[PDB]
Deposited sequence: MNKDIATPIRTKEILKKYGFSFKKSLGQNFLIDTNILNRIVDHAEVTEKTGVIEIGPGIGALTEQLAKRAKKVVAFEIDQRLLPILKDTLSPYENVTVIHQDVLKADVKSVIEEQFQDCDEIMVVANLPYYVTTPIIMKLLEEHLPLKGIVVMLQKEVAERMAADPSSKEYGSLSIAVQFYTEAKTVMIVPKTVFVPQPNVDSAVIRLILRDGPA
């Protein structure tokens, strides 16, 4: 049934006129992302960049609520369709860099014991969103994001590393950072240029 299966994803790409966002078409990987994010009946989840709902679905199954920030007008009718099975998924049409996320948390997660950000970001926006969120001083357990491996390498760099630098110091100032998955090129359609990684940031 799931959005992120190659047969279902392909029928969605036929329907809304998509052809050759890089799409995850493995349900296992997406569930491992949710696993590492520790999402339960207790958990509220902010997602950024839902796409067509592949990751959104898997989070929605486990969590009390999922609030999903999406900027592109064209993806809103698709999300209404693909994620219609879920009465716990609010799609906000806003740029998360502009939002007052503190007041969105109080408005949407009164029925929740902890809050996690979980995402799969494009390269150009990754570092800014992460950094906006950590600087905004929110009440989060943590942030699990899929980004490029070469960026993870620097975000979670150990101080002894040749790659430890300002980016490392920035992220580690606010969080304990660790890569928890390597996600290869071959698990996306179309195949991206490089391997990605899933980094987990737990706040202090």
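K.L.:
Give me the ranges of the deposited sequence that have no CA atoms here, in sequence order.
P.N.:
Going by the record, the segments left unmodelled (no C-alpha atoms) fall at 1-2, 23-27, 212-215.
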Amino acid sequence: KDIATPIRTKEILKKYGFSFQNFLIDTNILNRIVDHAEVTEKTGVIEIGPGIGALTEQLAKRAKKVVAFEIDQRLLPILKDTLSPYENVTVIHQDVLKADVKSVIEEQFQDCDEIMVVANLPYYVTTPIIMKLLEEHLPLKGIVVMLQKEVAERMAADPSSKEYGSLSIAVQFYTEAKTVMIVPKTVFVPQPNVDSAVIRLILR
From here on, numbers count along this sequence of modelled residues.
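K.L.:
Tell me which stretch has the larger mean Cα B-factor in this entry, 52-60 or 164-172.
P.N.:
Comparing 52-60 with 164-172, the higher mean C-alpha B-factor belongs to 52-60.
K.L.:
Please compare 151-159 with 25-33 and name the stretch with the higher mean C-alpha B-factor in the deposited structure.
P.N.:
Comparing 151-159 with 25-33, the higher mean C-alpha B-factor belongs to 25-33.
K.L.:
Going by the CA temperature factor in the PDB record, which third of the chain does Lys132 belong to: lowest, middle or highest?
P.N.:
According to the entry, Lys132 has a C-alpha B-factor in the chain's lowest third.
K.L.:
Could you say whether, by C-alpha temperature factor, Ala197 belongs to the lowest, middle or highest third of its chain?
P.N.:
As the PDB entry reports it, the C-alpha B-factor of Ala197 lands in the lowest third of its chain.
K.L.:
Ranked by Cα temperature factor within the chain, is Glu38 in the lowest third, the middle third or the highest third?
P.N.:
Middle third of the chain for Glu38's C-alpha B-factor.
K.L.:
Per the entry's values, where does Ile182 land by CA temperature factor relative to the rest of its chain, in the lowest, middle or highest third?
P.N.:
CA B-factor rank for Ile182: lowest third.
K.L.:
Within this chain, which third does the Cα B-factor at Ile92 fall in: lowest, middle or highest?
P.N.:
For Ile92, the deposited C-alpha B-factor lands in the middle third.
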